[PDB]
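Before any questions on how it binds or moves, here is one chain, the form deposited in one PDB entry, in structure tokens.
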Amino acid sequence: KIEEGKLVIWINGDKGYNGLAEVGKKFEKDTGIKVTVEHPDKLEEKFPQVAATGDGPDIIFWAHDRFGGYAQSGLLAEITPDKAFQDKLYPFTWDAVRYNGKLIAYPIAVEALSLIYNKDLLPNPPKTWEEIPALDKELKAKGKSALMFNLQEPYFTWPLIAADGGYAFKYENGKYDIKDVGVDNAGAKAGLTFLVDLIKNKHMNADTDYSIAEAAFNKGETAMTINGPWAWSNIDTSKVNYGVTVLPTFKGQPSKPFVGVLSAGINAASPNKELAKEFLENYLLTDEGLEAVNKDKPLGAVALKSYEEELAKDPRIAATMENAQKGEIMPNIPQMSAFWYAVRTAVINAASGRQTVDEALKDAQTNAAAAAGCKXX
């Protein structure tokens, strides 16, 4: 069902697909092979439906974590970059595209939360979480707060919770131990305790969500927020003089945001695996290839060293990459659903007092590990 002698590519419509099409035109001028870039709605939930029947695109772009599922279903071609090519990309990005020890996609770009701060309120942002309470009191004396960020989703709160030793699933040798959940260890308790104290002591409000925080920061009401590169254009619009920097440390250790790696996977059913490898390796994953996509819609930090070094002259991108390198690649396993569910509940419950930190994390641990312990139905 997949046409031989051409490349069909699916990529999210919020990406620089026109720039990607430009890379395709360059490919076609060189080889006479036509490259079609499409951006189907919910493409990542369509792919596993159609690919299962031997149809779909030759190449699919999505966040790496979805690829675990595809690989489990045998929907992705194993890729074969040599060592010289692999050395062109940051090692940790390769970690994001491994399933059962196999490389199943090419890393393209990297996203992670950073500390975003108001340069006018705060020219010298805190290096530590611990100094934020003192800073809050000082700022609030003039009716500004130190920090507002989304507290409703583990994605945003996990970096602090994980800093001193929390983790979702233990990463071992390009594999995850789904029975090793790090939700209720002393590291997570410390982090969550500090977070809950911030809320209990009114340094932060338990109700703060994504929109509230974004609004407050972009209006100059709070000196700091925690968000990703997807938020920058909204701040550009606000005219706030903002900086983007490394997340504060906690107990001397980096905050550990989850890292999302935009990745390009090859349809197992494709008759054009060689064409796709050539396109991805020698056309897209070059300075010129990524720049063409980046110009259409900024990629953020990229997996390709040579081009990241150029983009990193923008300190916001340098900060994204730094936070990413200090962060936790998002596990690409289906058991993550039980982690999110359980932790989301645990943080809500603990910040609202409905449970102690110890009890919330214990239950979360039990629930996350239990739902990870089995599969089927």
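We number the residues from 1 along the sequence you see.
What comes next is about the form deposited in another entry, which does not appear here.
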property: Hinge between rigid parts between this form and the one not shown (choose from 68, 145, 208, 259); result: 259
property: CA-CA separation of residue 114 and residue 173, closer or farther in the other entry than in the form shown [shift of 3 angstroms or more]; result: farther
property: In the other entry, shift in Cα separation for residue 88 relative to residue 322, 3 Å or more; result: farther
